[PDB]
Amino acid sequence: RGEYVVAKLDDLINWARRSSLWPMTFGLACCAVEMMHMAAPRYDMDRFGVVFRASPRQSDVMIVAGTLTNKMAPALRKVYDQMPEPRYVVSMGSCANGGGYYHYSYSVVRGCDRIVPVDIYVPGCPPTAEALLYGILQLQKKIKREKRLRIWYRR
Amino acid sequence: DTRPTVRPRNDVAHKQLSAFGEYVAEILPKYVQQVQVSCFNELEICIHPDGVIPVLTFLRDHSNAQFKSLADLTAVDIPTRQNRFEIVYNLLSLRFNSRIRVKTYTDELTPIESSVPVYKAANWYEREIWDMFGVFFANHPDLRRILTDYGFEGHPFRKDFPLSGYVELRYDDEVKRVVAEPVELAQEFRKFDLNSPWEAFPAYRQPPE
Amino acid sequence: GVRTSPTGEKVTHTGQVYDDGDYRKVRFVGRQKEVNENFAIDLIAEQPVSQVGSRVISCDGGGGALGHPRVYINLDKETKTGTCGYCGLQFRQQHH
Amino acid sequence: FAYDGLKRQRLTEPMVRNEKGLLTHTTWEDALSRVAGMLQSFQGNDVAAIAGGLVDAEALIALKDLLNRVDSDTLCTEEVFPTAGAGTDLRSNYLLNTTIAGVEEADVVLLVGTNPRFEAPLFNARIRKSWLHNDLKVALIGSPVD
Amino acid sequence: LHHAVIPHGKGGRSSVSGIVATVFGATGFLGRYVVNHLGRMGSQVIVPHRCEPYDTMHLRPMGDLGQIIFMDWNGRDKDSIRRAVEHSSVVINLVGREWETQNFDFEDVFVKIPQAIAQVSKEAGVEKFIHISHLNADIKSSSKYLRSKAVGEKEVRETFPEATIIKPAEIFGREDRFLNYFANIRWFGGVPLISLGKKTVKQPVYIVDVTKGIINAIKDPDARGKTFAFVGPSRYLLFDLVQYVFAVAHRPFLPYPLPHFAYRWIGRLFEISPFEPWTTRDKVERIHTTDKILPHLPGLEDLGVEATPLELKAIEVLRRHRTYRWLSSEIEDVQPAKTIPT
Amino acid sequence: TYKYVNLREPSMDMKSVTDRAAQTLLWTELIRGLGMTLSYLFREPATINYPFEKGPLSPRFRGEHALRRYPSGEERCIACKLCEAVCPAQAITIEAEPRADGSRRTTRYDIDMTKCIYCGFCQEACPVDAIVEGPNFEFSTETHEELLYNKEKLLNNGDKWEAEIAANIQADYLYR
Amino acid sequence: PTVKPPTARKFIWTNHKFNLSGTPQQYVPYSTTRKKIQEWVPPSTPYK
Amino acid sequence: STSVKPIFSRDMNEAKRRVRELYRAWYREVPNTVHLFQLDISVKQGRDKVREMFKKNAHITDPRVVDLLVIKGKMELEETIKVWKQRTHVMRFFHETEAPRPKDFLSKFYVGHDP
């Protein structure tokens, strides 16, 4: 049956993508520190298959980790567009989620979701390294639920 | 000094800073308008704006001064004054282990001589004052915005500039670029009135008009 | 406690409920309206009244420093009970 | 304590009468085009206006100009003031010329046909302050009211 | 008006426009521009979608918090349609394929579905219904796509008599499948044209103008019950149009005539594709179909929209089809196409 | 007092010159660096098996906000609005009115969790321990709207997490 | 908790719930206050 | 009191010379801007915008204020020439996404309370 075959191929490509998330080496402010602590030995994001790569062309996920300013907004959008697809965005911390504690500033974008689509929101100021990892594992479970090929088969 | 909760007073430093204050006023009477020392011992020289270069050079290079480091250069906006901007230089003397403050004034349309000739630290500090307060510094090697977005209009640190500004940014899909729009807030910043109607500090009570 | 509208929407403890014609109830389609089910007005009423033998009694909410600020309640009126302004416990004088 | 009246029974949308003869909601364009149609057809004495108690000066003059342009002088008020004699020609005829502050300097006050306690509560409170501190003599021609 | 759908604000992102719109087929070329314009002014947009949520992410930044709402629906399931319209004051239908699939054919997407959307929308008390048909829809057209547009347009007009029907010409824009279609013919060497494209006249319309007209049709009381024809300012021969595309892209243009029967067979060959056909037999008919002149119908100028010349927005669409040598060439470099004086 | 980080000169006897030449020619100090990394290869790693193993936290941890009740089940919050005033981020919006029984209670209690800096000033200001930052730190959402908390969500957080919240307040209230 | 059990209150949930984001049980925010301004309702009789 | 330190120009003739000099620099640069940033506008459009920005301040009569506008004008030119600005910053002059706002009384009356 087709519905069986496409279901199993969809699991395969879903498994590969979530099992190999390569965030861009991208970080803006305070929360970049906790993101470093998630790569540090105690949490070791690499053991889940999560590997930072500097190039946007070789990245799957953008972790927006810090305050986004008006001056910085076009640059953030640009490297997002240069990511091949599928690409996911994780908002980390209050500044990136909604402007946080500079929400009423003239120079701050009130949430990165004005500039780019967001998949997961990680609250905190900063979120702990363990909280960010929880948000990563939630992105993986989100990728695990995709039905690209099942939707194609009924299209 | 034996009241556990009260900051002790250092009378010796107050006397020395008072003496050096008169000293600077005697040598540079052409520019010095006021000299004062605070109760926590910080000396201030208030000068005419023409004397920025002569005053800063004397303090850097005089042998009984030697303020070789410019700790900070900033501006204060006081709208109630005709000269609304107060330019403040904070200087450190490593030779004598002293700090001094030199303050002058200007308005929107008056230049202040760039102090890059005395301290090369002032270059970026003046770009910041130009950008956030709109005070022009004459004879700057390169004066341009340093902190605000390219093309940003206004000088955000002026007291009459709104907290959230005038424009906000979003990504518009139609034009496939980040666009600037007039600012609207889903929740307006809530202004709190906090000042107490009862006087707190009698020693600073101003005389009745 | 929790009531429902003729439209089926639950009414919260503040009495809020989108009325019949409001489009804003579209946010609950495919999702759910979160209503806390323990209405504090109902729970504080279940508490028995405390009979005391003095004109004035003090309530701090229980737990000492873990309660509310300590306040004193006058119990001279015999047509009502004294109520804590912080926690809502009720006190009555014992016919002394 | 009357400000809570501003949150009840409020008119918030323009309304016109439908076919059944019931008021129904509509837009500003529609309602003001119906009013302009009738305003343009009529003229002169066929147009009149009555102003209420809580109407400000700007809305009053604006309506006087609009009715004057159809050539109607029938700008009326719900509150009656006798028109015989000088009428409204001289301001002094219909003003409290002494002013509220002058009550404190008067010697004799004659109140004619008025309960100032409930008509002008703070004006009445000014009479009593002068009664108290200046030994004002007050007389009343009217019903006996506390 | 309920107290919640009264306009407030200055027409910005956080304002309230008073519009509550259910947009069907919001995930395609025309839908993203429609949803972008509704979200700009502060509308509540219900976006029912058949596709994977990953394919709707470009819509998320189009509205303030809460304003864009997403629902799952199935074009043959009336209950899914009802859940998505019952709270809306305007329902916009942009559902359509340019090709047929094993599951959904031109009858289903242009007749069965729009009429099921129209029937449910009226039973649910939706005030305004907006239907997108086609300029060249005809019962006697040799494009099964256009014959289905004609049949659905009548069903929609009978199921929702107050429906506003909009008949656009072929729409160009960064995701159009019109000027991108021609610029991608370079991959096959020359450009096969029926009768060398000298017997076909087109009147393409800019996407933003179609979107602006739709937005006004919602906010304009007069638009109700009418049929509109959205067409561009100029009429071009297909040959002159395709020649202009290749000049803007700076590609070598080698047009050669291909008989109708043959170019049909090419269409049949590309249809075997199990994904998105590069071309189909129907696409052959539509491209080589003279865009009708409907003077009795009102147009964009009635809705208040000034049609944008193809010569102001072609570089915008076609600059990505250039090579590095020509990327930086400017809008004035190329010769304007010859326009049929009408 | 001071010391010199790098003000020592090398000896020039024949043996020391030879020793530095053997270091230059045979790469001795580079080999030494390889020994250090080699020793780490045989050390137990510091990684923990998250989510099965968690990081250590203390009772003071500032996590997710919750609204608390008295043991009777009445709400502790009295709508005093000191949490609202102290909040550095203006994340709290409160509205209040008399309840049916006359109690001073909130009709609106919103915390915008994307404004909040998780500073805990609000729990310091509250005079009745009504608002607390709970121990939870694992409440990531897939939408921005899911992080704008109203009073029902916050009361449900307190009901959900009361058991742990009370135990932590018990461990720390003598320091407060 | 097997050695030092938690205190029992009536209102405490008897059934823990994990993160429900992304599901039909998620939390949808909404204003909890009632309407501020009441609107005059025109009479339903035919007047004149 | 009317005696005031000059910024550059001693009178309005010296200041207007700098206005014209700045207009020439902006006029010459527009063709390069449209090319480098790959703008869809025409060189005519860009020059009409530069002209428009220069008419907003045509009523000024203070030499010191004129000098500041010229100083700010030259700062903006450098950001454009050196490509510190981006395409988004250049296109902010054209307000392409802002919808037209009514100017007359009735249209403004129907939408809201703003004067």
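Letters A, B, C, D, E, F, G and H mark the chains in the order given here, with residues in each chain numbered from 1 onward.
Here, a contact is a pair of C-beta atoms (placed from the backbone, for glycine too) under 8 Å apart; a residue touches a chain by one contact, two chains touch by 3 or more.
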- Task: Note down the smallest number of touching-chain steps it takes to go from chain B to chain H.
- Result: 1
- If you check the contacts of chain C and chain G, which chains show up for both? E, F
- Pair of chains with maximal C-beta contact number: A-F
- Chain-centre distance (mean CA atoms) for chain C and chain D, in whole Å, is 47
- Item | Between chain E and chain H, centroid-to-centroid distance (C-alpha), Å | 38
- Distance between the CA centroids of chain C and chain H (whole Å) is 63
- Spell out, as numbers or ranges, the residues of chain F touching 2 or more other chains. 69, 71, 73, 90, 107-108, 112, 138-146, 148, 150-153, 159
- Where does chain E touch two or more other chains at once, residue-wise? 3, 9-10, 40, 58, 61, 65-66
- Message: Please output the residue numbers of chain G that touch at least 2 other chains, ranges allowed.
- Response: 10-11, 19, 21-22, 26-34, 37, 39
- In the complex formed with chain D, which residues of chain E make contact? 1, 3, 6
- Item | Interface residues, chain D side, partner chain E - complex | 12-13, 25
- Item | chain E partner contacts - residues on chain C that touch it in the complex | 21-27, 29-30
- Contacting residues of chain G [partner chain F, same complex]: 6-7, 9-13, 16-17, 19, 21-22, 26-34
- Task: Show which residues of chain E lie in contact with chain A when the two form their complex.
- Result: 50-52, 54, 57-58, 60-61, 101, 103-104
